[PDB]
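Take a look at the structure set out below.
Position 1 is the first residue of the sequence, and the numbers go up from there. Only heavy atoms go into these numbers, but all of them, side chains included; no hydrogens, no water, no symmetry mates.
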Amino acid sequence: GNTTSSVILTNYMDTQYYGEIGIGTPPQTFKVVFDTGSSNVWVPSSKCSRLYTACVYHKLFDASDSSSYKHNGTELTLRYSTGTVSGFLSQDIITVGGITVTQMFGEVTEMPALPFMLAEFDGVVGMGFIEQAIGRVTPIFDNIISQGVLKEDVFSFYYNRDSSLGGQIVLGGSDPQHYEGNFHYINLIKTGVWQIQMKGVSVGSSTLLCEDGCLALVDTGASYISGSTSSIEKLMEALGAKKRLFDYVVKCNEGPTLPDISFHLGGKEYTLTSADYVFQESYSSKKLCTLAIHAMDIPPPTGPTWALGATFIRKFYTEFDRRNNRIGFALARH
Ligand SMILES: O=C(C1=C(c2ccc(CCCOc3c(F)ccc(F)c3Cl)cc2)C[C@@H]2CNC[C@H]1N2)N(Cc1cccc(Cl)c1Cl)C1CC1
Ligand SMILES: *[C@@H]1O[C@H](CO)[C@@H](O)[C@H](O)[C@H]1NC(C)=O
């Protein structure tokens, strides 16, 4: 076909980038993250007890209001860090920027209060492959490819810096108005996951880490750049940053003078300056500034691995190419 479909995103504090979908007849609207590190659609269920704080603060999907709903009822579980997210399968019609698709999705009935009660959005649309789909549920972008309608079997992300357009996802192409120059591509290690080879991470001009190669998951649903606990220790030693309980910090006045960090991917070094990875909430020496880089031990089969989240995606406009199993990067225009 010759169609593209774009969806406007909202940027909450540089950590959450979400957009609207509609599910059912008539449409029930939900704010969702479009997430390349997962393959399932999830929204909260009207069957979620009001003694879940994550449910109280969010919109709930009610099947008993949708005429196009089709029962399934198979139980689904995700074992997240803080606890289990579980629910059940349902099918309904889902709209995403003017494309309409009959989709199997999970209705959440329980989940931990953290971090989910802090989410400004209601759900998740996984943009990953059937290989990592819980219950092998056909993922949404698979069902869009099968309709024949997109101009190219690609989708792309634009994430803005905080302030205005917060971001944009385009289905079926890219939007030239939001990047400059041309894309540079890297082949997936294997289909199934949006993960590429990384050949080195540099602090300054010398290659600090990932000497004999490693893995980079390109995860639009991650807030930060993450590496293993042991790689992040070494990066933060090199940056002179201090370990807090859930983050790393530097004295705020040291912020602007921190080294460039570079990621070696395909045939380019992708560079972040301190302006790209420091949360400069002050310039004072009496205050501490958080870094947009965090340790996460990602469990097999996909990990151990780095994750390039929104920290990375903000600077580099990203295209996810299903046709050719590759990821393209271009420098974002802000
Ligand atoms: O941690 C994840 C990720 C993933 C994820 C996907 C689905 C789920 C299941 C349930 C989420 O549904 C939500 C929700 F995310 C938020 C609020 C809700 F009410 C619901 Cl039902 C949990 C985590 C998949 C993938 C690999 N791990 C890191 C990341 N990307 N999150 C949670 C998250 C990330 C960043 C900030 C916040 Cl506040 C949250 Cl809660 C979801 C947004 C993408
Ligand atoms: C739910 O859908 C799945 C497809 O993954 C199917 O295998 C299963 O039988 C369905 N449940 C029922 C019994 O309707």
Subject >> pair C55-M111: side-chain heavy atoms closer than 4.5 Å >> reply: yes

Original post:
For the residue pair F312 and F316, does the interplanar ring angle fall in the parallel (under 30°), tilted (30 to 60°) or perpendicular (over 60°) class?
Top reply: tilted

Subject >> Flag, side chain of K31 to backbone of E120, donor-acceptor distance under 3.5 Å >> reply: yes

Original post:
With a 4.5 Å heavy-atom cut-off, do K315 and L272 have their side chains touching?
Top reply: yes

Original post:
Where do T318 and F329 land on the side-chain contact (heavy atoms from CB on, under 4.5 Å) test, with the steps shown first?
Top reply: CA-CA 5 Å; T318 301; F329 290 117; 3.2 Å; yes

Subject >> Side-chain touch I293/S226, heavy atoms, less than 4.5 angstrom >> reply: no

Original post:
Does any donor atom in the side chain of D260 or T271 lie under 3.5 Å from an acceptor atom in the other side chain?
Top reply: no

Subject >> Side-chain H-bond candidate by donor/acceptor type, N143 with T138, under 3.5 Å >> reply: no

**OP:** Please check if atom CD in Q280 has more than 12 non-hydrogen atoms from other residues, nucleotides or ligands closer than 6.0 Å.
**Re:** yes

**OP:** Verify the distance criterion only: is there a donor paired with an acceptor across the side chains of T305 and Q195 at less than 3.5 Å?
**Re:** yes

Original post:
So, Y17 and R314: side-chain donor and acceptor under 3.5 Å apart, yes or no?
Top reply: yes

Original post:
Hey, does the side chain of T311 reach the backbone of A292 with a donor-acceptor pair shorter than 3.5 angstrom?
Top reply: yes

Subject >> Among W194, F320, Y185, side chain to side chain contact (heavy atoms under 4.5 Å, CB included) partner for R326 >> reply: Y185

Original post:
Short question: side chain of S284, backbone of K286 - any donor-acceptor pair under 3.5 Å?
Top reply: yes

**OP:** Report yes or no: do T220 and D35 form a side-chain donor-acceptor pair below 3.5 Å?
**Re:** no

Subject >> Within 6.0 Å of NZ in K251, more than 12 heavy atoms from elsewhere >> reply: no

Original post:
Does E152 reach the side chain of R323, with side-chain heavy atoms less than 4.5 Å apart?
Top reply: no

Subject >> Flag side-chain contact, heavy atom, 4.5 Å: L89 against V137 >> reply: yes

Original post:
Does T95 reach the main-chain N or O of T100 with its side chain, forming a donor-acceptor pair under 3.5 Å?
Top reply: no

**OP:** Start with the C-alpha gap between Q28 and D62, add the side-chain angles, then the distance that decides, and say whether side-chain contact (heavy atoms from CB on, under 4.5 Å) holds.
**Re:** CA-CA 8 Å; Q28 284 170 60; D62 204 327; 4.1 Å; yes

Original post:
When the ring planes of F279 and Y224 are compared, do they come out parallel, tilted or perpendicular, using 30° and 60° as the limits?
Top reply: perpendicular

Subject >> Polar side chain donor-acceptor pair, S156 to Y317, under 3.5 angstrom >> reply: yes

Original post:
Can the ring centres of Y80 and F116 be said to be less than 6.0 Å apart?
Top reply: yes

Subject >> Under 3.5 Å side-chain donor-acceptor pair for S202 and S262 >> reply: no

Original post:
Does a side-chain heavy-atom distance below 4.5 Å link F263 with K268?
Top reply: no

Original post:
Looking at the rings of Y159 and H334, which for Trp means the six-membered one, are their centres under 6.0 Å apart?
Top reply: no

**OP:** Look only at the side chain of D247 and the backbone of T290, and say whether a donor-acceptor pair between them is shorter than 3.5 Å.
**Re:** no

Original post:
Do the side chains of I196 and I261 join up, straight or via other hydrophobic residues, at under 4.5 Å, putting them in one cluster?
Top reply: yes

Subject >> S39 side chain to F129 backbone, donor-acceptor under 3.5 Å >> reply: yes

Subject >> Under 3.5 Å donor-acceptor, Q132 side chain and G192 backbone >> reply: no

Subject >> Whether over 12 other heavy atoms sit under 6.0 Å from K70 NZ >> reply: no

Original post:
Are any of the side-chain heavy atoms of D142 and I130 separated by less than 4.5 Å?
Top reply: yes

Original post:
When hydrophobic residues are tied together by side-chain contacts of less than 4.5 Å, even through go-betweens, does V33 share a cluster with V7?
Top reply: no

Subject >> Ring centroid separation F61 to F105 under 6.0 Å >> reply: yes

Original post:
Would you call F155 and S174 a side-chain contact if the rule is heavy atoms closer than 4.5 Å?
Top reply: no

Original post:
Any side-chain donor paired with an acceptor under 3.5 Å for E110 and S86?
Top reply: yes

Subject >> Over 12 non-hydrogen atoms of neighbours within 6.0 angstrom of CZ in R333 >> reply: yes

Original post:
Among side-chain atoms of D297 and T229, is any donor-acceptor pair under 3.5 angstrom?
Top reply: yes

Original post:
Is it the case that one hydrophobic cluster holds both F121 and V43, taking links as side-chain heavy atoms less than 4.5 Å apart, direct or via other members?
Top reply: no

